[PDB]
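A single chain comes next, written as structure tokens; it is the form deposited in one PDB entry.
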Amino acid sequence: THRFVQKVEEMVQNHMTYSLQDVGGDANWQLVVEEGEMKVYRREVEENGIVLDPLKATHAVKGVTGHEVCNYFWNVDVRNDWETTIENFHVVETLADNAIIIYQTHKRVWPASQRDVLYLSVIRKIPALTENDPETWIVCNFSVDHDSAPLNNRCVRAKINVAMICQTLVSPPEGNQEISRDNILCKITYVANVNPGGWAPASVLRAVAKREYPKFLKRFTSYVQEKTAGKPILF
């Protein structure tokens, strides 16, 4: 129990309600990148030079579970093993054993000023209510205010709302035998809503995002495969 419990609930529920809705039929969402089971879509949104482009990606990763995926996405001790867009980060506050507040600076992209971000990062399990309701593991990373990290004059403060949402499919093997990682697949939906917090050139933001989101999703998912391949399956 902590002062951000209701905000956590709010963000989790929003993501379970809206982030899992199909965008495939919406004229405003475009398939920007596809590779293997990975599809990255974007809706181009610019409001008075504030480029908000909502981003949504789906992926299907063999040999890993949603619990595993969300653990490696959330766990700060393995962050630098896969993250490539950050200059530095540190934990500002531990709120609960599944919830922390992180301050991070991003690598500068010319010609825009450097961005920093201040966000609550929470990992949650959403129980299946019925058999056939998928169990869902989710990590929500969303900007919050914290007195220890006011606006500074060195960076533009971005605001983020990101979720990594995972459901795991197990194909029953032949009879009474072990479920191997060949029999498991993690369905991922990744969404990112980023307000750069200030003016940025749209064409540059868009080129970066189109390169960087796909790069992250391949690298991060391959990483989870690599770290887990030897291990017993954590469902």
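Only residues modelled in both forms are compared. Heads up: residue numbers just count along the shown sequence, starting at 1. Whichever C-alpha set is largest while still superposing within 1.5 Å between the two forms counts as the rigid core.
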Next item on the list: Taking only the other compared entries that model residues on either side of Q177, decide whether it is unmodelled in at least a third of them.
Entry: yes
Per the PDB entry, mean CA B-factor is higher for 116-124 or 82-90, namely for 82-90
Mean B factor on CA atoms, stretches 130-138 and 73-81, record says higher is 130-138
In terms of its chain's C-alpha B-factors, the third that includes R157 is the lowest
Of the three thirds of Cα B-factor ranks in this chain, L55 occupies the lowest
Among the modelled residues of its chain, the C-alpha B-factor of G197 falls in the third labelled middle
Binned into thirds over the chain's modelled residues, the C-alpha B-factor of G63 lands in the middle
Chain thirds by Cα B factor, record data; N98 belongs to the middle
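The following text describes the form deposited in another entry, which does not appear among the structures shown.
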### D26 C-alpha moves between this form and the one not shown by 2 Å or more, core aligned
yes
Honestly, after the rigid core fit, is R154 moving at least 2 Å at Cα between this form and the one not shown? yes
Per-residue Cα shift of 2 Å or more between this form and the one not shown after core superposition, grouped into runs of 3+, gives 22-28, 150-154
